[PDB]
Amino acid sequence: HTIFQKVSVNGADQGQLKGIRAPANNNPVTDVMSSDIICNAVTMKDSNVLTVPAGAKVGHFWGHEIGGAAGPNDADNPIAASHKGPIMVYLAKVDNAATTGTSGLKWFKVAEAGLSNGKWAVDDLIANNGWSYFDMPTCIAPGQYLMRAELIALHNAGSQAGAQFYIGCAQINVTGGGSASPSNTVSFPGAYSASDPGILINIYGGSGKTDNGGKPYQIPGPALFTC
């Protein structure tokens, strides 16, 4: 149970909820055909668009509760350690990131991390005290984007609609960069099926641990947009 609440740009904390579209609480989205899968059930929405230079290291921050109610980094914050799963980031080019609706956008995936050598993306999130990082590709066309960030908790993913999606979106303005557009985009809803192998999945191994029995973990959604 966690909430996406700030972005950092090369280490610079952009501000609590600045430029973020956020839910009212930490409850997961479980219906991949719901419009809530796009940016969550958004109830908090500002006019700010964050400046992100192409190539910048971008941080996104997750907290168990909003702001000071999160408490210190511990067993529940940023997320319980049982909530193993991937963490992803997508973008969608828009006209104005402060005013765009979220229906019918063309999303492409810019970062992902899953399971590797017994460690989940979530474990890195915990080690980095709630921050997850990616590099904004240097070749991407400048301008207005919505940035969707996602963590999927898989501790109950064995049953249909058991996967817990923690999601939000950030309003951004990419400066510098290049002229790349993704050749192939995906929709939300649409990109995910409730029976995808990285969504309907029992991650518990022979000794009852979240090791996916050592099998490859197939991150949901499209291939990465690359430079």
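Numbers for residues come from their place in the sequence shown, where the first is 1.
The question of which stretch, 152 to 160 or 96 to 104, has the higher mean Cα B factor is settled in favour of 96 to 104. Mean CA temperature factor is higher for 205 to 213 when stretches 205 to 213 and 21 to 29 are set side by side in the entry. The PDB entry gives the largest Cα B-factor of the residues 167, 186, 174, 42 to 186. Split the chain's modelled residues into thirds by C-alpha temperature factor. Residue 58 is in the middle one.
Ranked by Cα temperature factor within the chain, residue 120 sits in the middle third according to the deposited record.
Placement of the Cα temperature factor of residue 132 within the chain: middle third of the modelled residues, per the deposited record. Annotation for residue 85: CA B-factor lies in the lowest third of the chain's modelled residues. For residue 143, the recorded CA B-factor ranks within the lowest third of the chain. Only modelled residues enter the ranking.
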